[PDB]
Amino acid sequence: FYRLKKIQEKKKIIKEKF
Amino acid sequence: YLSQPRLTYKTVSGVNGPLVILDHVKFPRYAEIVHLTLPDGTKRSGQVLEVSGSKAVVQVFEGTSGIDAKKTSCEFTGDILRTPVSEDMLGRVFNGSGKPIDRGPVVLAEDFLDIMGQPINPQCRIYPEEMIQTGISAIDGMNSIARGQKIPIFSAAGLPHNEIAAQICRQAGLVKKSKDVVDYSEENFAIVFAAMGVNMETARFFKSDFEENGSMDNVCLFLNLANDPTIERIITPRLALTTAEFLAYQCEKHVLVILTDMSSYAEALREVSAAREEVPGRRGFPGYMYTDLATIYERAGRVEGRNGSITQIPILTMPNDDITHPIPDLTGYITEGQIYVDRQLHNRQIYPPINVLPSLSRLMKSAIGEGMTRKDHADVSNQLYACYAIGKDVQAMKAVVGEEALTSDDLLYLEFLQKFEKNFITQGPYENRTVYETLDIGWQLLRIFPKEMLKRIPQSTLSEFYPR
Amino acid sequence: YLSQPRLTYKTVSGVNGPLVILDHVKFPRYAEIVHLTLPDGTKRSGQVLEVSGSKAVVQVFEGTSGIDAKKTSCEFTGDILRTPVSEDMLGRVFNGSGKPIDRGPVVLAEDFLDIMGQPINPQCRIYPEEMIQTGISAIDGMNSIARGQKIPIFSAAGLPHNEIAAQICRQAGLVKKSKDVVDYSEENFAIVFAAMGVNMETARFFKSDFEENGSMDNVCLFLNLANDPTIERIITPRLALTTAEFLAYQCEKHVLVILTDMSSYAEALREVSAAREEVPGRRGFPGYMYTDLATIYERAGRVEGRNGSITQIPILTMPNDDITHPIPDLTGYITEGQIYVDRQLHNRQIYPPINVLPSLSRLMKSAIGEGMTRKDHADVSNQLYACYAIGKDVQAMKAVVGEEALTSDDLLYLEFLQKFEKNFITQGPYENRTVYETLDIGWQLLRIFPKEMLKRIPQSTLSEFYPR
Amino acid sequence: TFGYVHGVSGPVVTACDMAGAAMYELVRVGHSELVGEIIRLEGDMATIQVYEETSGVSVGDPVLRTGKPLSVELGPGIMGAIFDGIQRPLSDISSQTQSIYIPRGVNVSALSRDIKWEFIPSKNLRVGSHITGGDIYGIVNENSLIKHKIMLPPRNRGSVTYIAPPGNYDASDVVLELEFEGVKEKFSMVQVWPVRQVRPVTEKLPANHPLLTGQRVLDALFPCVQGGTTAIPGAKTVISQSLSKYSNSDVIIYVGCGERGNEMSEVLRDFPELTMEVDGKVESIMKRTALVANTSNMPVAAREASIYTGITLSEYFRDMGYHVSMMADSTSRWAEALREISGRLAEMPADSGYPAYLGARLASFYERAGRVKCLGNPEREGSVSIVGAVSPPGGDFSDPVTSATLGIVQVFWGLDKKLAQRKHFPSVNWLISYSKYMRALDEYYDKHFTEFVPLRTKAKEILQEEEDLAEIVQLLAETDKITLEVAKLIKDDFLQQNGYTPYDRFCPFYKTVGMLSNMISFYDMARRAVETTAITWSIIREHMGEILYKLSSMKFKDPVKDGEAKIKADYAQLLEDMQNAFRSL
C-alpha cells in the first residue's frame, strides 16, 4: 500500500508540471 | 419543469481508459447523463464522474471503442438519471438499464424518481411482528423471517443457491390463510427478483421457471448478464429498491425483494474504484464499501400510517470458505442473523443443503407465537434443535466407541436424526409445504420419544399434541 | 552499413544513481551504445534506455563516479550494440564487458552479431530425443534430461551446489554405448560458462577443476567478481548466449551453456527499475522481468538442417529456502523442470543432497523406452517414487505417535527409506555410474518387497525381470 | 497522411500529429513497417503498443495513417495451416525465404493468393433475388473431410446483379456483385471481420447432449456438455486429440501457450501422424483443425491477442453449422500480459497486482459459446465448447483469476497441491470442484446404464468419509479401516498416474463403469462389520491375498486389442471371484 501511494503521488506531481 | 433545450458538443481533448475527457463544457454538473454518437451513427450512453471547470469526464456505459478525435458528439441531458417508476411493471422483464427484453414497450410510467434514493426517518420505524411464508420447511420451522427482518444466505461457489432462490420466488406467500381463506383474497404480496452477473444459462433457467409457474402477476424481474457493462451492474439494485419502495409504500404492498451475487457487486465496486484513481484499501476492496453496502441493505422495514413492509434477502457467495473475508464480515455486521448452507450435505444428495446447527434468526421470538400462528412453534423449533445437537453428539461418540456401550434412548436419538435429515430437511423441487403440516411432521418426529425426556416443554402444552 | 563520422554531445543534465540523464540530442536511436570520457580521462560505456523528444537517458555499465555536468563528453555511434564473435574464443577468458583479463590479446572477431540475437522460428526446431548421460544417480534414471533440454538447479546459500555443477559439466557423456566405441568417442562437449555475481573463491575452484580436467581447448570463461560494478551483470549473460548461438548454429559443435546466480540478475534488474521509477510489481520487481527471463531462457534446442544442440543449465539461489519466492516461481514458469537441492539432506551429510520428491523432468516422457535406454524403465521410477512418498508419510506418522502403532508394512517402508537414502542417493565425489547399473540398483532396491506390495508395475515385467 | 514519432521507451511508441485517427485502429511505424495498435491518445500525442520486436526505432520516423481496426481474414484455406497471434501464415513464411531462421517484419496474407478452389453455386440462386445476411451462396470443395461454405455478412437484403457460374477460381476472383439502395459493390470469397467483436446470433438453444469426453475421471465424476464451458488446470493436451477420435465434434482448435517451447515443438511434430477411423476410412491425419502457436519470445501484445483471434476464428467456423471445441493453454500468461500492459500504461493495480479489467475481459472471453439458431437459412445450427485453464501459482485457489473462473465457469477441476507436488497429474481436490449439470444426463442414462446414478453417490460418500477418517488416523478401529482401504484402492484405480503411456489413451465409458461397480459392490459387502452376517478387516485382508493385487492390476488393459467382449468377460471373472472369496467367509 505504501509503495502504491508513493508512486501515485509521483504521478500526480508529474501531472502538475504545468 | 425543464424548459431548457439540450446542448450538443463536438470538441474533445481525448479519452482515458473507459472514461472520456473533454473541454469547454458550459456549467457541468456531477452525475449528469449523456448520450454519445460515433462516426458510424452508433448510439451509446454515459454518466459524469469528474468535473474541473470546463474539463468534464464521463464513463461510457457500452464501452469505449472506435472513438475519434473530431467525428464524435456528446449531448447533455442536464439531469441525474431519472427512473421511470410506476406500478404496472409487474409481469414484465427488463435488462440492466431498464430497456425491455420481454418484447414489451418503453414503460409508460406515472412517476419519475431519483435512482439513488433517500434514507428513511429512523424515528418512523416499527418493530416486526408477523412472519412470511417461504415454503421451505428448514426455513420456516427453524429460522422464520419477519416483515422488515433482513437475512442473508451464505453459499459457496458451485452450490445450488440459485435454484433455492428460484423456488423461494415461485413459492413465497403470506399466512393470512390461517385466520380465514376469505381474508387471503387481499393479495398485496409481491416479489422483486434481481439477478446480476449471472451466466446466460441460469438467466434462461430463471425466466423459464417463472414463465412455467404462471405467477408473474406479482413479480418484477430485473436481469443483467455477465457480459453487460460494468457500470450498469451498480445501477440495477437501485432501480429494484426504488420500485420495491414504490410498491410497498405508495401501493401499500408487502414486497419480498431478493438480491443475488453481491460478491460480483463488490467486484463492480472495485471496478469503479479503479476508475476513480483512489488507492485501494484492505484486501484490495475500496475503503468505503461500508457506506454503499449499508445504503443498499437498510432500505426496508415498516412505517407508521402505512399498510406494507419490505423484506430483503441477499445471496452472498462466500469466497473459498473464508468467514474472515471483509464482505461477509460486514454483511453479518449490518444485517440481523444469518443462514448457512453446507457442501457436505450437497455431496450427500440431500436438497436443499441447509445446515440448521449454525443457523440463527435474530428476532424470531416476536415473529412467531400464538395468534400469529400456532402457539408452540418456537417451542417445537427449540426441541428440534436440542434433539439434533444431542443426536450429533451421540453419533460422534458412537463413531469411535461402539454400539456395545449404547443405550436405548441413544438409539431413539439416532433414529430421530436419520428420519430428520431424510424427511424434514429433504424438501424436493416442487413440494408446496405449509406451516401447519410441517408442524405436524415435527410433532410426528418428536412422538418417537415419550414425555419422560421431552423435558424442555411444560406438560400443560405437551398435552396439546403428545397424546395423539 | 553506416559510413558517416561519429557524433558527440556535452550537455549533461543530471545523474540519478546508475543513470545519466542528458539533453539536446538530435535524432537518437533506441538501444544504442554510448561512450563516455571523464574529466580525469578514463573511458566508459553505456546503453540508451529512455528517449523523449531531445532528452534521453543512459545506463553506465560500470556505474557513475567522477562524472561532471560540463567536463564529461559522450559519443553516440547511432547503431544497435554489435558484439564480436569468433570460433577462436575457445581457450580464452574475459570479464563481463568482454575485454581480456587473462593477459591475452584483444578480441579478433570473425563476425558481428546482435546482442538481442533473433527470435528463432519454432517450426525448424527439432524435438529432442537423445538422453544424455550425467553419471549422477539422482538425475540419471529418475529425473533424467536430454540433449537440448533446459533444466535449472535450485539451491540455496551454503549448499554445495558448485561441485554439483562441476560434476555435471565434467562427467558429460552419451548413453548410446551399446554400439562401436570408436564412433562414440568422436563426440565431445564444448562448454561456455558465464560467472555472474560470484566471489573469487568459487571462480578459482571452477577454473582449477577445469584445469584438472584439461578441457580448455573447448572452454570459454566470462568472469565476474563482487568488487566489480553491478550493471555489467545486466548484459553479461547475453554475451555468453550469443557466443553459444554462434558456436552451435554456425560452428556445428555441441555446446553446453552454464549460467550462475540468476537471483543476482533479478537484483540488478530490480535496481535498474528502482532507478527508472516505473510501476513496481510484487516484491518490487518490474512487471516485464518475466519477458526478460523468457528472452534469456529461450536460446536452446537444436534446429533443422544442422546437428548442434544447446542445453541450458542455470543455477539459482532461493532466499530463506523458499519456493513461492518470486524468482523461483517465474523461473518455474519458464523452465520446464526442477531439482531442489535440500538443506535437510545436507544436514545429515548425504552428497549430493538431491530431493527427488519435488523434482520433475517433463521431457522424460519420450526420451526413454525400449531401444533408447531399456524396455522396463519408467514404471520402475514411478514405483520407487510412490514408495518413497508413502515411506515419508509413515515417517511422519512415526513422529506423531511412535513405533507402537506401526505395522510390519510400516517397518518395511522405513527400511526401504533407509536403504534408498543410503545407496541410490549417495554416490560420491567421482563415481561415474552407468545407466544400466542404476537400473540394476533400482531393481535391487525393489527386491526387498515381495510381488504383492508393488502396485504401479505391470505383472508381465515383474515375471520377466524380478525373479533373478 | 502520416505523422511523426516522439521519443520512446520499452514496448511502446509515442507519436505526435496523430489527431483524427481512432484510438482502436491499426497503424504502421518505422522504415520496417512495424505493426501496431494505438492504445492511448491525448491531443495529437499518442502512445501505441507495438506487436513485434521493439528495438532499432528512431524518433520522428514516418507513421502511416491507420488502416482498419484489428481484424482477421477468413474463408477457405483454414483447418489446413498453422498461424500465430496475429495470423502469420508461417508454413508459407518458411518457403518465402528458403532459410527460415529469422522471421523478419513480414507482410504476407494468411491466405495464399496462388491457390485455386472449386466453387459450385447453390441451385436456389436467382438473378435479382434478395439475400439476407445468413444465406449460403454455395458449396466450395475444401478438402476430404469437411467442406465449409460462405454466406453474406450481417447485411440487409438487396437485388442480385450477377452471380458467378460454377468454376475454379483463384485468389479472390470476385464471385459476385450485389445491389443495394443506391450502392453496387463486389464481394470476394474471403471476408475481413474485426476481432474483439464477433458476429451476433439469432437465439441461444437448450443444450441437452452429453459430451463424449476424452478422459476418464473427468466425465466419470463431473460430467461436461458439448456446448458449455469448462476449466482444467494445466498441471494434458492429449484429451483434445482423444476427443478428435471419440467426440462427434467436427473440428478442435488448440491455442498455444508459449510458456514452453518444447511441448509446442512436439505437438507440431506429432500432429501429422494422428490416426483414427471415420466411417470405415483410416484418416491417418487430423488435418481438419486450426492451430495457432505463440512463443514467449514474442512480445506481450501477440500473446494477449492470440486467444482473441482464436475465438474469432472458432466463432466464425461454428456459424457454419458444425459442433466444435476449443482447448486453451492460457489464463496465467494472459493475466500476466494484462498486468504488464497495465503497468506500462501506469495505472494503479488491484491487491494482487492484476488490473480490474481481469474479471470483465476474462468473462467476455469465456462466455462466447452455446448452440445457436441462425440469422439466415434455418439449416445452420452450430455450437462450440470451451475448455482450458492453468494450474495457479502453487495451487492458489485464492488467486483472483481463480475466483473469476469460479464466478463465470461452472465445471471446475480440482487438484490438491499436497498431491500435485507428488507428480499426480490426474489427481483431484474434489472438495473444490463443482459439476455444472446433473439433469443433462438423465435422458442419456435412462437409455444407457441407468444404474450409474447411485453408484457415484456412494463413491462420493466414501470420498468424504476418508476426508474425515484421515484426520482420525492422524491421531483406531477396523470399521473405519474398511472405508479407508476402499478409498485408497479406488483412488489408486481412478487417479490413473500413467504418464501418458499409450495404454491409457482409451475411453470405453461402458467398459470403465465396470471397475467402479466392482469396487462399490466390494465395499457394500464389506460394510456389514466385515462379516456379512454381522471378524475384523484384517481377517479379510489376509484372506484375500492376490485378489487385491489383481483388483489393482485391473487398470492395465489395452482396449484396442483386448476386444470389448473379452473385457466384459474379465469383468465377469472378477465378479465371480468376488462372490467366491466372500462365500468362503
# chains A, B, ... in the order shown; residues from 1 in each chain; ligands from 1
>>> select_by_dssp(residues="stretch 25-230 of chain B", states="strand (DSSP E)", output="ChimeraX atom specification")
/B:32-37,43-52,55-60,73-80,82-85,93-94,111-114,153-156,189-198,219-225
>>> write_last_selection(atoms="C-alpha atoms", output="PDB file, in the first residue's frame")
ATOM      1  CA  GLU B  32     -25.144  14.092 -15.321  1.00  0.00           C
ATOM      2  CA  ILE B  33     -26.295  11.647 -18.005  1.00  0.00           C
ATOM      3  CA  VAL B  34     -25.191  11.966 -21.627  1.00  0.00           C
ATOM      4  CA  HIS B  35     -25.660  10.210 -24.965  1.00  0.00           C
ATOM      5  CA  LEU B  36     -22.857   9.644 -27.473  1.00  0.00           C
ATOM      6  CA  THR B  37     -22.617   9.232 -31.246  1.00  0.00           C
ATOM      7  CA  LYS B  43     -25.518   5.436 -30.123  1.00  0.00           C
ATOM      8  CA  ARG B  44     -24.297   4.952 -26.548  1.00  0.00           C
ATOM      9  CA  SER B  45     -24.772   6.487 -23.099  1.00  0.00           C
ATOM     10  CA  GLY B  46     -22.688   7.597 -20.136  1.00  0.00           C
ATOM     11  CA  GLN B  47     -22.517   9.147 -16.682  1.00  0.00           C
ATOM     12  CA  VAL B  48     -20.415  12.083 -15.497  1.00  0.00           C
ATOM     13  CA  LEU B  49     -17.827  11.226 -12.844  1.00  0.00           C
ATOM     14  CA  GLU B  50     -15.349  14.130 -12.569  1.00  0.00           C
ATOM     15  CA  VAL B  51     -15.561  17.888 -13.182  1.00  0.00           C
ATOM     16  CA  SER B  52     -12.988  20.685 -13.105  1.00  0.00           C
ATOM     17  CA  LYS B  55     -12.972  19.892 -18.175  1.00  0.00           C
ATOM     18  CA  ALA B  56     -15.691  17.251 -17.810  1.00  0.00           C
ATOM     19  CA  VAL B  57     -15.221  13.475 -17.601  1.00  0.00           C
ATOM     20  CA  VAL B  58     -17.733  10.727 -18.419  1.00  0.00           C
ATOM     21  CA  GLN B  59     -17.693   6.922 -18.389  1.00  0.00           C
ATOM     22  CA  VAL B  60     -19.243   5.366 -21.490  1.00  0.00           C
ATOM     23  CA  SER B  73     -20.603  14.110 -30.459  1.00  0.00           C
ATOM     24  CA  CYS B  74     -21.925  14.138 -26.909  1.00  0.00           C
ATOM     25  CA  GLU B  75     -25.311  15.562 -25.908  1.00  0.00           C
ATOM     26  CA  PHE B  76     -26.033  16.517 -22.303  1.00  0.00           C
ATOM     27  CA  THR B  77     -29.433  15.953 -20.706  1.00  0.00           C
ATOM     28  CA  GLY B  78     -28.751  18.232 -17.737  1.00  0.00           C
ATOM     29  CA  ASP B  79     -30.135  15.929 -15.054  1.00  0.00           C
ATOM     30  CA  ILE B  80     -29.258  12.947 -12.881  1.00  0.00           C
ATOM     31  CA  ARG B  82     -34.333   9.534 -13.757  1.00  0.00           C
ATOM     32  CA  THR B  83     -36.027   6.212 -13.027  1.00  0.00           C
ATOM     33  CA  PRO B  84     -39.399   5.699 -14.779  1.00  0.00           C
ATOM     34  CA  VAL B  85     -41.048   4.277 -11.659  1.00  0.00           C
ATOM     35  CA  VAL B  93     -38.791  -8.192 -17.643  1.00  0.00           C
ATOM     36  CA  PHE B  94     -36.016  -5.638 -18.130  1.00  0.00           C
ATOM     37  CA  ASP B 111     -43.727   8.741 -11.673  1.00  0.00           C
ATOM     38  CA  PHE B 112     -40.145   9.945 -12.145  1.00  0.00           C
ATOM     39  CA  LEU B 113     -37.954   9.416  -9.065  1.00  0.00           C
ATOM     40  CA  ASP B 114     -34.269   9.637  -8.183  1.00  0.00           C
ATOM     41  CA  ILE B 153     -27.932 -16.614   2.616  1.00  0.00           C
ATOM     42  CA  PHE B 154     -24.289 -17.671   2.704  1.00  0.00           C
ATOM     43  CA  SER B 155     -23.236 -20.098  -0.017  1.00  0.00           C
ATOM     44  CA  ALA B 156     -20.039 -21.325  -1.644  1.00  0.00           C
ATOM     45  CA  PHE B 189     -47.872  -9.733  -1.712  1.00  0.00           C
ATOM     46  CA  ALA B 190     -45.244  -9.111  -4.381  1.00  0.00           C
ATOM     47  CA  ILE B 191     -41.792 -10.253  -5.499  1.00  0.00           C
ATOM     48  CA  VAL B 192     -38.839  -8.354  -6.983  1.00  0.00           C
ATOM     49  CA  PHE B 193     -36.083 -10.697  -8.183  1.00  0.00           C
ATOM     50  CA  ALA B 194     -32.902  -9.052  -9.490  1.00  0.00           C
ATOM     51  CA  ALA B 195     -30.061 -11.197 -10.848  1.00  0.00           C
ATOM     52  CA  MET B 196     -26.686  -9.686 -11.739  1.00  0.00           C
ATOM     53  CA  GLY B 197     -23.554 -11.034 -13.384  1.00  0.00           C
ATOM     54  CA  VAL B 198     -25.247 -14.393 -13.933  1.00  0.00           C
ATOM     55  CA  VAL B 219     -43.229 -10.335  -9.902  1.00  0.00           C
ATOM     56  CA  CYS B 220     -40.731  -7.716 -11.098  1.00  0.00           C
ATOM     57  CA  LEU B 221     -37.788  -9.378 -12.846  1.00  0.00           C
ATOM     58  CA  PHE B 222     -34.611  -7.378 -13.427  1.00  0.00           C
ATOM     59  CA  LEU B 223     -31.829  -9.222 -15.251  1.00  0.00           C
ATOM     60  CA  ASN B 224     -28.213  -8.302 -16.004  1.00  0.00           C
ATOM     61  CA  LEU B 225     -25.989 -10.757 -17.870  1.00  0.00           C
TER      62      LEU B 225
END
>>> residues_around(residues="residue C:311", least_positions_apart="4", cutoff="7 Å", atoms="only C-alpha atoms", output="PDB file with N, CA, C and O atoms, in the first residue's frame")
ATOM      1  N   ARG C 147      19.486 -34.062 -24.637  1.00  0.00           N
ATOM      2  CA  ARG C 147      20.249 -33.083 -25.394  1.00  0.00           C
ATOM      3  C   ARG C 147      19.308 -31.991 -25.884  1.00  0.00           C
ATOM      4  O   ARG C 147      18.317 -32.274 -26.559  1.00  0.00           O
ATOM      5  N   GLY C 148      19.621 -30.742 -25.549  1.00  0.00           N
ATOM      6  CA  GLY C 148      18.757 -29.625 -25.868  1.00  0.00           C
ATOM      7  C   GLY C 148      17.733 -29.279 -24.807  1.00  0.00           C
ATOM      8  O   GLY C 148      17.028 -28.272 -24.956  1.00  0.00           O
ATOM      9  N   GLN C 149      17.625 -30.075 -23.747  1.00  0.00           N
ATOM     10  CA  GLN C 149      16.641 -29.851 -22.695  1.00  0.00           C
ATOM     11  C   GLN C 149      17.182 -28.875 -21.656  1.00  0.00           C
ATOM     12  O   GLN C 149      18.251 -29.101 -21.080  1.00  0.00           O
ATOM     13  N   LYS C 150      16.437 -27.801 -21.406  1.00  0.00           N
ATOM     14  CA  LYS C 150      16.845 -26.774 -20.454  1.00  0.00           C
ATOM     15  C   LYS C 150      16.297 -27.129 -19.076  1.00  0.00           C
ATOM     16  O   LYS C 150      15.079 -27.170 -18.874  1.00  0.00           O
ATOM     17  N   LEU C 256      27.222 -26.430 -24.383  1.00  0.00           N
ATOM     18  CA  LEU C 256      26.521 -26.592 -23.119  1.00  0.00           C
ATOM     19  C   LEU C 256      26.741 -25.339 -22.284  1.00  0.00           C
ATOM     20  O   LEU C 256      27.828 -25.151 -21.728  1.00  0.00           O
ATOM     21  N   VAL C 257      25.721 -24.487 -22.197  1.00  0.00           N
ATOM     22  CA  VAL C 257      25.839 -23.196 -21.527  1.00  0.00           C
ATOM     23  C   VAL C 257      25.619 -23.418 -20.039  1.00  0.00           C
ATOM     24  O   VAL C 257      24.813 -24.269 -19.643  1.00  0.00           O
ATOM     25  N   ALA C 300      17.843 -22.192 -26.879  1.00  0.00           N
ATOM     26  CA  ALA C 300      18.113 -23.590 -26.577  1.00  0.00           C
ATOM     27  C   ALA C 300      17.549 -24.443 -27.708  1.00  0.00           C
ATOM     28  O   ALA C 300      17.005 -23.928 -28.689  1.00  0.00           O
ATOM     29  N   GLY C 301      17.690 -25.757 -27.565  1.00  0.00           N
ATOM     30  CA  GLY C 301      17.195 -26.690 -28.554  1.00  0.00           C
ATOM     31  C   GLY C 301      18.007 -26.664 -29.835  1.00  0.00           C
ATOM     32  O   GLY C 301      18.696 -25.697 -30.163  1.00  0.00           O
TER      33      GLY C 301
END
>>> atom_distance(atom1="atom CA of residue D:383", atom2="atom CA of residue D:206")
11.1 Å
>>> closest_residue(among="D:142, D:37, D:347, D:114", to="residue A:4", atoms="only C-alpha atoms")
D:347
>>> calpha_fit_rmsd(fixed="chain B", moving="chain C")
2.4 Å
>>> atom_distance(atom1="atom CA of residue D:134", atom2="atom CA of residue D:328")
28.9 Å
>>> residues_around(residues="residue D:223", least_positions_apart="2", cutoff="9 Å", atoms="only C-alpha atoms", output="ChimeraX atom specification")
/D:210-211,213,218-221,225,411,435-438,441
>>> interface_residues(of="chain A", to="chain C", cutoff="12 Å", atoms="only C-alpha atoms", output="count of residues only")
11
>>> select_by_dssp(residues="stretch 264-464 of chain C", states="helix (DSSP H, G or I)", output="number ranges by chain")
C: 264-276, 282-284, 289-297, 319-321, 326-334, 343-347, 362-364, 378-400, 408-425, 435-447, 459-464
>>> decode(residues="stretch 7-18 of chain A", atoms="C-alpha atoms", output="CSV table (one decimal), in the first residue's frame")
chain,number,residue,atom,x,y,z
A,7,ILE,CA,4.1,6.1,-7.0
A,8,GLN,CA,0.6,7.6,-7.2
A,9,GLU,CA,1.9,10.8,-5.6
A,10,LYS,CA,4.8,10.8,-8.0
A,11,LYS,CA,2.5,10.5,-11.0
A,12,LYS,CA,0.3,13.4,-9.5
A,13,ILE,CA,3.3,15.8,-9.0
A,14,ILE,CA,4.4,14.9,-12.6
A,15,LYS,CA,0.9,15.7,-13.8
A,16,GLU,CA,1.1,19.2,-12.3
A,17,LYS,CA,4.3,20.1,-14.2
A,18,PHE,CA,2.1,22.7,-16.0
